[PDB]
Each structure stands twice: as structure tokens, then as C-alpha cells.
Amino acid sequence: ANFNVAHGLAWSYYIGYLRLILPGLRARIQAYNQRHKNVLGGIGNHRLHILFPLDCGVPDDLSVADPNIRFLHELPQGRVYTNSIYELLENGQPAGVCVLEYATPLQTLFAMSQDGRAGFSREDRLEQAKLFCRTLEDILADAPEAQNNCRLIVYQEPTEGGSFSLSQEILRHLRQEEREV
């Protein structure tokens, strides 16, 4: 079989999702900030943060296993598209809040490498993950309204487990984006 899938994953993810949700994301975050102004506190960073584990290990547990990343609130809105606001903690204390999620199509790359078909090893998976990343960034580089409204967080380590701190990785990105504004 032909396992050159990265280009299809990138265009699927852009055309079928980022192109659809990124234009209205800032307004949904501002709507949330206004609804909950006197109560819940506000989200200053209006970008979508997309976690991109190159090992394609994408959890579905809302990061319950990582106590420094905690689901805070749904970002609300036929097909339904919703997003998630997460709290980041550092030294046990709150440290950040942002709209955050994983690049779901990495789970397709994971299943292909696990599904025990031949001709698609873990190294083949990593090469497809990188090409998926590069193609997506090339697509986003020519859609400046999309590039304005999302940031990819790419990393090599297991997303959960071991000494790598995903919360610190996300926090570092938030502070970088803070410098840009």
C-alpha cells in the first residue's frame, strides 16, 4: 500500500478545519470573555495552540494524567465545532490559560504504525509526522489570517510521562507570543 499520507493529512486539517474555525475563533474567545467578565476571568491570548507531538502519541483523556494541564471550560459553538480552554500550572500554582488542543490527524499516523501492517515502521511514522508538520506550516504561511490566529507547538518527547514538562513547553510559547504583542 501507499503510505504517503502526510500531504492528505495537512490539506484535510487545513481545508476541513483550520480554514473553517480560525476566522471566527478570536470573536468566540472575546464573546466568552464578555459573558464571564465579572466571574470567570479573561483569556488575553486569542490564538489556537495546536500541540504536535512528533511521536504521534495524542491522548484523549483531556490531559487528566498530567496534573499541570487541566481542562477549564469549553469554548462553545449539523456539524458542531467546539474548542477547549485549559489551565496550565507551574510549581503547583496557576501559570497560564489558553485555547489548546492536539493535532488529531497525528492519531491516524499512530494507528498506521501500530496497526501492524508492513511497510510503515516507527521511523516511517516520524518522517510522515515531520512532513505533515512542514506541509501544514507551508500552507499556513500563505494564509496570513490563519497564521495570525494559531500557533503550532512541536516537540519530540512523550506528551505525558517522563521528565518532559508539556505545561512548561506551552507556557514558554505563551510568553513568546506575549512578547509579540
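Here the rigid core means the biggest group of C-alpha atoms that line up within 1.5 Å when the two forms are laid on top of each other. Note that residue numbering follows the sequence shown and begins at 1.
*Divergent stretch in 4 other deposited structures of this protein, 120-128 or 55-63 [C-alpha RMS, superposed by the core]*: Clearly, after the core fit, the stretch farther away in 4 other deposited structures of this protein is 55-63.
_Core-aligned Cα RMS comparison in 4 other deposited structures of this protein - stretch that moves more, 135-143 or 65-73_ = Looking at 65-73 versus 135-143 in 4 other deposited structures of this protein, the farther one turns out to be 65-73.
*Of the other PDB entries compared that resolve residues on either side of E160, does at least a third omit it?*
Missing in at least a third of the others, so yes.
_I'd like to know the size of any gap between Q107 and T108, counted in deposited residues with no coordinates: none, 1 to 3, 4 to 9, or 10 or more._
The entry leaves nothing out here.
*Per the entry, higher mean C-alpha B factor between 40-48 and 116-124*: Averaging CA B-factors over each stretch, the winner is 116-124.
*Going by the B-factors listed in the PDB entry, is the mean over the C-alpha atoms higher for 139-147 or for 57-65?*
Comparing 139-147 with 57-65, the higher mean C-alpha B-factor belongs to 139-147.
*So among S167, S163, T159, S12, who wins on Cα B-factor in the entry?*
Spelled out: the listed residue with the top C-alpha B-factor is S163.
*By its CA B factor, does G78 count among the lowest, middle or highest third of the modelled residues in the chain?*
It belongs to the highest third of the chain when residues are ordered by C-alpha B-factor.
*In terms of the chain's CA B-factor thirds, is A27 lowest, middle or highest?*
Tercile = middle for this residue's CA B-factor.
_Cα B factor band for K130 (lowest, middle or highest third within the chain)_ = It falls in the middle third of the chain.
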